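In the block that follows, a single chain appears as structure tokens, in the form deposited without the partner chain.
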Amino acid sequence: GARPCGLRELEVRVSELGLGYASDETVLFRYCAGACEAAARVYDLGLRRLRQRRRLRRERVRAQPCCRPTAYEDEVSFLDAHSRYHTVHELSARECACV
């Protein structure tokens, strides 16, 4: 439990993705999930202190690392409704990191 930020796999039906595809054919879906406890960055620390001090302009400021894809899979093909092989691009994460 509570594992670090990394690549995750899950077999899904294309219809389950909520992309508007009728097909029930399965595709392997890859995604970034996990924890970002790689010690607070000097940038993040400085930002949090300035944030509580009302020094920062009233705006949405993220002073915490995010587990997100740094690269995406080029393409995934599945048989669609019109029975043609349809390609969806950048569906799955290829690489993950804490940004």
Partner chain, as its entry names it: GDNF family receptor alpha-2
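Shifts are known only where both forms have a C-alpha. Note that the rigid core is defined as the largest set of C-alphas that superpose within 1.5 Å between two forms. Positions refer to the first chain, counted from 1.
- For the pair 83 to 91 and 15 to 23, the mean B factor over Cα atoms is greater in 15 to 23.
- Comparing 34 to 42 with 68 to 76, the stretch with the higher mean C-alpha B-factor in the PDB entry is 34 to 42.
- Remark: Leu7 belongs to the lowest third of its chain, ranked by C-alpha B-factor as recorded.
Keep in mind that the form deposited with the partner chain bound is not shown, yet the notes after this line are about it.
- Contacts between stretch 12 to 41 and the partner chain, counted in the entry with it bound as any heavy atom lying within 4.5 Å, involve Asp24, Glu25, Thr26, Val27, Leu28, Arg30, listed in sequence order.
- In sequence order, there is only one run of at least 3 consecutive residues whose Cα atoms each shift by 2 Å or more between the shown form and the other one, relative to the superposed core, and it is 80 to 82.
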